[PDB]
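Chemist: have a look at this fold, sequence not included:
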Ligand SMILES: COC1=C(OC)C(=O)C(C/C=C(\C)CC/C=C(\C)CC/C=C(/C)CC/C=C(/C)CC/C=C(\C)CC/C=C(\C)CC/C=C(\C)CC/C=C(\C)CC/C=C(\C)CCC=C(C)C)=C(C)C1=O
Ligand SMILES: NC(=O)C1=CN([C@@H]2O[C@H](COP(=O)(O)OP(=O)(O)OC[C@H]3O[C@@H](n4cnc5c(N)ncnc54)[C@H](OP(=O)(O)O)[C@@H]3O)[C@@H](O)[C@H]2O)C=CC1
Ligand code: SF4
Ligand code: SF4
Ligand code: SF4
């Protein structure tokens, strides 16, 4: 099924030629273009008053990363290195070691936020929902080094955006 | 921020069509952002028998 | 060496050189180059600054991430100097000013500030302090720039014994205020050479040569306590040197002879400007004064470097000053001027 | 019939924002003048409408 | 007082600077598409005084949006050196920040920093058009805290 | 309970138009010229 | 009391273009569903001042291949020509009652193009010379229609004095007797001032610059303020020439209010068409005038030489 987009032949009767001539001299399609720009002038602009009116997002939004912890308080990451193994840009570096108490966690968990592609593959691979991408997207910085997060900064994010990340996965865990 | 009828007549005539019917801005017809939890179905192979991977 | 200071790599940006420099006044002519040379080898340079952070932006893309650290310091504050030099291997002094600011005269910035830097560095426990002073540093020269420099280097020597002291003759480079200063004199009618500049003898030294000279001094183990003197290979008479500048710049030459006392007056007239002064009386004395040869002090060559003649790197500075009629002229069109025996 | 209502609605905003002084405060610091119901208040002082 | 006079004068200049930033679009990769959405009426970059203007002789800030390929690296430096220089550089996206996805490639420089000095860094892949608006807002704050006249008065 | 996923309404969504909706407006050719000439005649007088 | 008069014209003129740049974006934005500047001051009422102050404090620089003298004088040519041209405009009573006011504005407006290519030629840039050569033949070809359109309309005046338009269209607007010439007059004004059905002089899409190629804070501000001032007038000249207004000799304020309103409405239309049409290619804009505007231009001229004679309506010379 195809349609011929431009195969219209104008009529040669005395009426049609005059209308085309009237269109030519008395610019009409130009007025129609003008007339519609006036229509948009009186309409309702769609601009949102940033930062007083932030844009609409979804619970699945991928932003700044953070390591969450169990309700008890102990971290969720058990250093399985799934997130590091599946990271498409190799932005994850992990070093683990037996903790003093037994059950062992990472001693180094660095995310290179200038090498990250924010694909979210880390939060899917994680079998304990430890590493997640938080809702924040306003962590722009003045220096390149401030982007290169390590375990401490990421753990701080987990203790800062927990009130929001907990609700997001609460609304989205059933889909996954 | 739905405008005065005087503008609506002028705005409609300037464009040549009824603009109040279909608008570029979503007022309330959007779906609520807090939706009830879903119940995802299962795949055809979610069977307890006669579901050997070799087949 | 500390466990974290052992050199590593192949000298690139990510290579660990092993020297923690603290280049003072790096937001300037030599400060730009010395940071760069330290930046290439991968050295954590603690650059202190008192100017606007914007004026230090050009310094940022010269080292790997986390290498170049910017700190706020004030000249008349021991605490600021201590803060910047507390963790350092080498401290480089490059504070200087060709004019006397309202809050800072030649005494303040060439003796007082180097005194505080040297004294605090010894208390901090740094290894090497590289202090820079003019080659023409002298206690009796009327130009307070040379007079202040001579007092400062002696004082720095007293406070810091094993502090290498560099005595460059006159740097020339992209922003040198030496070749640019003479090239900028076209606006003021003709060039008013003092006594036609037939007696002043100068030995300009390339800026890059000085920069690599400082870096070689840092890695050299014998630089402790020595007093180097950086001079260019050739030695030029003032009139012929200005001839080479204006010939390379292809600008008209008007050798105006002007009496010394009159020149001191016009230097006073240009001194009144609150902003960056075009020239001062002390500047007039400096260009009028010659660069005495000091063979006893070790030269630039002793720091495993070869000097670069001005006639080799002349178009670098004066290509900008050329108009469109001569913006595309070659390098060898103008031959070197008269070379008085060195 | 609607212009007079529009002016009254526009005039109502000065009473909505705590008088004229508050009106310039929002205009000069928030770039809007629209009034809206207060949905809540947080601990740091941000007013959500 | 002289310091007070220089204080108000500096604020007047800094206000005139931060209230008019004219980006010189270096649209390179998918980071540029999101930036145009900032120019789209949803966020309306123009409303903040900041409006897109070509001819780097008539622009104030660079917005590096996309990967910086080694072949074009001289072009980035040349168009950076030609800006009348109260000037700032905004890096959009992980690729422009430090290489991002192509950090390990043979023909992508690991970050736009190695060519030009970089002001505020905008992380993302791509950073949403709202995130860039926050970035430009951060530069306006940075311009607000400039003491150019105060430093000159205390030189 | 039973499976619950995003689904179309039981009767299906309403029609969604796609064809061109360019309207025809304005007087015919002769009428435009006539009023254009008529204005000149009155203006001339 | 003449320096006060002149400075009562220069300052309002420069302030008119000053906030025309605000009513540009704030109108352009609203026509493209944006909102325009509303951050700097209330409703953007301070944005141009922020723009202007920046454009007199950010580093200016002459090009390395420039011609200094011609590079500097071109902004002088643009700004002085724009200001001096408002002089004989007959807002109730004109500032300078030239006997040949129409011919004066034609002559100097034909001079405002020496700025554009003296800037282009001295800049020594490939895009500069292209834009300069685009603009010159653009304006002069559009100037032939400009001269004849003015003459044909003014044949009912009886003179070139700008004050007599008030008397000429006392009862009837001039457009009702010369509307065919009014259409090409408006198009030519869009073309001499380089607005954007024919903004090819700038040519930002294909020439990035051309109004001001390497021109910087100061000189760029001039070449902008020298063409936005022409925007306001070329509609003030259109308003005074075609859409007359009642002028009571005892209360000129009513005429000034009416005259300003017509210029404001016309200026909006200049901004209105600017965001409703594509860009004319060079040969097209030349073909439109040399092959379609000029044949109608001469024909309607011959009509307006004969028309007063056949109707015995020769206007008074005095
Ligand atoms: C393709 O298409 C394109 C266009 O369009 C077709 C375009 O538009 C544009 C333009 C782009 C845009 C519109 C986009 C957005 C960009 C902007 C808005 C840029 C803004 C630019 C500006 C220049 C800002 C303008 C804004 C303002 C507020 C200007 C304000 C003006 C001033 C501050 C100055 C006002 C004047 C003053 C103060 C005059 C003072 C005068 C006096 C005191 C008196 C002087 C005179 C005397 C004293 C006389 C007496 C003296 C004597 C006699 C001396 C005698 C001496 C002797 C020696 C004898 C582009 C690029 C384009 O691509
Ligand atoms: N031919 C020559 O010029 C020679 C010079 N030298 C010495 O080299 C040094 C640097 O020269 P150069 O780079 O050309 O000089 P510049 O004037 O270009 O730079 C001087 C540097 O010192 C800083 N500085 C100066 N005075 C003060 C002060 N009072 N408080 C804080 N910082 C200050 C400047 O900061 P800021 O930029 O903010 O002003 C800048 O970083 C000087 O000691 C000079 O005497 C040695 C041999 C030859
Ligand atoms: S979202 Fe970032 S950190 Fe996570 S897997 Fe993808 S690239 Fe790696
Ligand atoms: S995937 Fe989760 S549990 Fe595994 S190493 Fe990464 S953060 Fe730790
Ligand atoms: S950071 Fe991501 S979005 Fe931006 S250019 Fe690179 S791959 Fe594209």
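Modeler: Cool, got the structure. Numbers count the residues shown, from 1 in each chain, chains lettered A, B, ... in the order given. Ligands and ions are numbered 1, 2, ... in the order given.

Chemist: tell me where chain G has helices.
Modeler: Using DSSP state H, the helices of chain G run over residues G:3-31, G:47-54, G:69-85, G:101-109, G:114-123, G:126-154, G:164-168, G:175-192, G:204-207, G:217-242, G:252-274, G:282-288, G:294-310.

Chemist: contacts for the second one?
Modeler: With Cβ atoms under 8 Å, 6 or more residues apart in numbering or on different chains as the contact definition, helix G:47-54 has outside contacts at E:12-13, E:15-17, E:19-20, E:49, E:60, G:18-19, G:21-22, G:25, G:37, G:39-41, G:217, G:221. C-beta: built from backbone N, CA, C; applies to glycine.

Chemist: okay, buried residues for it please.
Modeler: By 16 or more other Cβ atoms under 10 Å in any protein chain shown, the buried positions in helix G:47-54 come out as G:47-54.

Chemist: next: the fourth one.
Modeler: Residues of helix G:101-109 classed as buried: G:101-102, G:104-106, G:108-109 (neighbour count, 16+ other Cβ under 10 Å).

Chemist: what's the angle from that helix to helix G:126-154?
Modeler: 170 degrees (axes from the mean of the first three to the mean of the last three Cα atoms, to 10 degrees).

Chemist: cool, the second one as well?
Modeler: Following the same axes, to 10 degrees, one obtains 130 degrees for the angle between helix G:47-54 and helix G:126-154.

Chemist: please enumerate the helices of chain F.
Modeler: Along chain F, counting by DSSP H, helices occupy F:29-44.

Chemist: typo on my end, it should be chain B
Modeler: With DSSP H as the definition, chain B shows helices at residue ranges B:5-15.

Chemist: quick check, the residue in chain F closest to chain A?
Modeler: Nearest to chain A, among the residues of chain F, is residue F:29, at 3.4 Å (Cβ to the nearest Cβ).

Chemist: show me the contacts for that residue.
Modeler: Taking Cβ under 8 Å, 6+ apart, we find residue F:29 in contact with A:15, A:18-22.

Chemist: one more time with 7 Å, if that's ok
Modeler: Residue F:29 sits next to A:15, A:18-19, A:21-22 when contact means Cβ atoms under 7 Å, 6 or more residues apart in numbering or on different chains.

Chemist: next one: residue G:266
Modeler: By Cβ under 7 Å, 6+ apart, the contact set of residue G:266 is G:235, G:238-239.

Chemist: and the nearest residue to it once chain neighbours are set aside, how far from residue G:198?
Modeler: Spatial nearest neighbour of residue G:266, excluding adjacent residues (Cβ to Cβ, 6 or more residues apart in numbering or on different chains): residue G:235 at 3.4 Å. In this view, residue G:235 and residue G:198 are 16 Å apart by Cβ to Cβ, to the nearest Å.

Chemist: looking at these two, which one has more neighbours?
Modeler: Using other Cβ atoms under 10 Å in any protein chain shown as the criterion, residue G:235 and residue G:198 rank with residue G:198 on top: 25 against 22.

Chemist: just checking, the more buried one touches residue G:190?
Modeler: Yes. Between residue G:198 and residue G:190 there is a contact under Cβ atoms under 7 Å: 6.4 Å.

Chemist: which of the contacts of residue G:266 lies closest to chain E?
Modeler: For those, the residue nearest chain E by Cβ to the nearest Cβ is residue G:235; the value is 23.7 Å.

Chemist: need the next SSE after the longest helix along chain D, C-terminal direction.
Modeler: Counting by DSSP H, the longest helix found in chain D is helix D:3-16. Downstream of helix D:3-16, the next assigned helix or strand under DSSP states H and E is helix D:19-30.

Chemist: that following helix and chain E in contact?
Modeler: No. Using Cβ under 7 Å from any Cβ of the partner chain, helix D:19-30 never reaches chain E; the gap is at least 13.5 Å.

Chemist: for that helix, packing partners?
Modeler: Judged by 3 or more Cβ pairs under 7 Å, 6 or more residues apart in numbering or on different chains; DSSP states H and E, helix D:19-30 is in contact with helix D:3-16.
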